[PDB]
Each structure stands twice: as structure tokens, then as C-alpha cells.
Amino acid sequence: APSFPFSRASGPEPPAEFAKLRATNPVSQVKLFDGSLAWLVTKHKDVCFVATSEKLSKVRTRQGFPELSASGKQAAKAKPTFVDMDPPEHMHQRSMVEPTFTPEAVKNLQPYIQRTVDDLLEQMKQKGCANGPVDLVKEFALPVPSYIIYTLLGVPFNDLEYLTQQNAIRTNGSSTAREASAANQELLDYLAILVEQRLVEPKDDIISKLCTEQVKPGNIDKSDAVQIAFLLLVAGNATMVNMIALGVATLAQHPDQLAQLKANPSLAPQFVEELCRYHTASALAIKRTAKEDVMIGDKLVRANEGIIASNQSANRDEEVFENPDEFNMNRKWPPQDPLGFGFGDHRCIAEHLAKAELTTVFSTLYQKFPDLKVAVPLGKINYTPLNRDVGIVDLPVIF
């Protein structure tokens, strides 16, 4: 069995292994860092099955759970939040924070999302690029999602820049382990103060709702409120940053589609749909252990065996998505959902928010900056390391 995770074939490409597995070995065993095994599931139909089967568990205290790194094994010791829960605990906790993220809530947030994007673009414009390129990541792709989720959580405006920087340190490839861990605990300590404050004087934010609706009645404790808030911050932010950067790069890669998007910003939703399929920037989250034997395709997954269901591979499944390796914002979509946000009850809580952020970016960026260009050759883009999820570290631009 080959070692997993696999490395991407090149900066912007999926691992090469998946297409071969879909063709000849769609349910197969891989070897994890600890020498254990796990079943890797590569076809769309089977990924959806894994994501929804009640015979499979997300609880990380089950032997067989496919931890992919030493750090993941460590992390599984803590008290879980809803990301790692099964029913009925899962929705009991997730429903505490769902309201902000519903389709209707996100539609009503659109003016705020637009204003946030607009303001960050105007700052660019004012900073300019007269002395040479600026980094679209630092100036734009990072602060857009960060400012939004911090604001929704309850962070006041004057603390956004510093906290945006500190959360980036958690995941920056250049951070040492000490720097990343110190930033993690710094953010937790910060959120703990905000919970104390909002318990005394609630405001218009997610932490206040946790405090009033869950902490005060005794349904959760203050520490639980901190960890739920922290999950909402860290689960998606680095993925959002990467998706923005990858979208800009992809448009540059495919000039005629950029021309189409400038000419018609109403194409932004379908651009974003294609982006979230083609660049599956969170590919390692659909993991389970079997609670009892389960058949998947021509394989038997025995009780206490682990499963990794690749939504990245599902999103390139030729049986579902015709010409899957073509980026086509005018794609004729099938009935089956793309899986950029997962599937089933655990499907990304923030899918509607994330798509609204991305649609706002891609309907606005090239109206603001019709001459935006990546300022290095596309083949020189600095992608995330190939043994990680797809992403872009920095992206020099002019405009």
C-alpha cells in the first residue's frame, strides 16, 4: 500500500494517483504515517456514501480513525467540538451556531460582504503599485475572509489587523512549530476574554449568542463557547484565502474565461462553482472509522477500519463531470453535487457564506481592477508545498 497523503502532481494539480485509482482500483488501501492502514475512496458515488453512512463515525477516540500526521493524533485527545461528533451530539452543538450561516442569513449579509470587499480593494487602490507589485494574498485574499469571520464572531474592528496576522501565523509554512502553537494559544486566550465580556454585556455576534443561549442556561460551559468560536475561525479561513488566490491564478491561466468574466460579472456564481470543484482546497476532511462491517464497491471495510473519502478525486470523476480536468466556468453541471464543501450532515457549515465571499470577490475584483495581472510568470507562482492541500502562499500583482 502506498503512503498517504499523496503529493500533488505540480503546484496547481491534484495528486496523479487519484485518476489511476478511479480507473482501476477505486476503493483501495493506503498506508498512513504510523504504518496503519486505511481505505481510500476515490469515486463520487462512493465518497457520497462514506459521507452519509450511519455505519461510519467521525469520533477520533475510535481505534482505526485515520489520523494523517503525528500532530493529528495529539489533537484527537482533546474534548471534541461538533466537527468530530456523530449524531445526536453533532447537530445538538452545530445547531447552536447554524443561524448565521443559513442561505437566508447569508443573503441578508450580502451588503456587508460587499462593503468589506470594496473597502479592502479601495485600500489597494490607494496603496497603489507604482513602486512595483504588491502581494494579493496579504493585501486582499487574507483579510477578506479573516475580517468577515472575526467580525461575525464579535471581534471589534480595531483588533482585526493584528488578529488576522496572528491567525495566518498558525498555518504559514514559514512559522516554526513554537510560533504556530503560540499563535494558536494567543487566539484562544483572546476569545476567552471575549466570552467573559459578552457574558456580562452581550452584543451582535456569534459569541454573544453562545453566551446568552448556551453558556448562561448551563447547556455548555465558557470553555466550550471558546472552542466552538475557535473552530469557526480556524476551520475555513486558510481555505478561503487559498480559494481566492487560486481563482485569480486560474483566470490568468485561462485568458478567455477572464475576458468573459470581465465582460459579464454575473458569471461569478458559475465561475465560483467551477473553482470549488476544480480546486478542492480542503481534500482531507471526509474521514471515518467503520463502526461495523460495510461494503463499498468490491471491497469489505471491516469494523474498526479507517476510511478517507477524497472529495478532490470525486470532483474529477469522469463518470460525473465530463472532461473533469478542464476548467470551464460555462460547465454544463450534472445533477450530482460537486463536493468542494463535503457532503451529508457534516457538509461545511459555511458553504453558503464561503460561496458568497467568493462570488463577491469575483464579481468585484476585475471591475475595480480591470487590468489586474499576476506580476510573475504563471509557472513561477509560489504554491503551497506539494504534500499539503492546494493553495498559494503569495501572489504578486499589478493593476
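Throughout, we count residues from 1 along the sequence that is shown.
Asks: Out of 2-10 and 389-397, which stretch has the higher average CA B-factor listed in the record?
Replies: Between 2-10 and 389-397, it is 2-10.
Asks: Would you tell me which stretch averages the higher CA B-factor in the PDB entry, 229-237 or 171-179?
Replies: In the deposited entry, the stretch with the higher C-alpha B-factor mean is 171-179.
Asks: Out of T364, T52, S57, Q63, which shows the largest CA B-factor listed in the entry?
Replies: Max CA B-factor in the entry, restricted to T364, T52, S57, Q63: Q63.
Asks: Can you tell me which of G306, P103, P145, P255 has the maximum CA B-factor listed in the PDB entry?
Replies: Out of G306, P103, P145, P255, the record gives the largest C-alpha B-factor to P255.
Asks: Would you mind checking where the Cα B-factor of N184 ranks among the modelled residues of its chain, as the lowest, middle or highest third?
Replies: Highest third, going by the recorded CA B-factors of the chain.
Asks: Check where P88 lands among this chain's C-alpha B-factors and tell me if it's the lowest, middle or highest third.
Replies: Highest third, going by the recorded CA B-factors of the chain.
Asks: Classify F33 as lowest, middle or highest third according to the C-alpha B-factor given in the PDB entry, relative to its own chain.
Replies: Ranked within chain, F33 CA B lands in the highest tercile.
Asks: According to the PDB entry, is the CA B factor of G218 in the bottom, middle or top third of its chain, that is, lowest, middle or highest?
Replies: For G218, the deposited C-alpha B-factor lands in the highest third.
Asks: Looking at the entry's B-factor column for C-alpha atoms only, identify whether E161 ranks in the lowest, middle or highest third of its chain.
Replies: Its C-alpha B-factor, which the entry lists for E161, ranks in the lowest third among residues of this chain.
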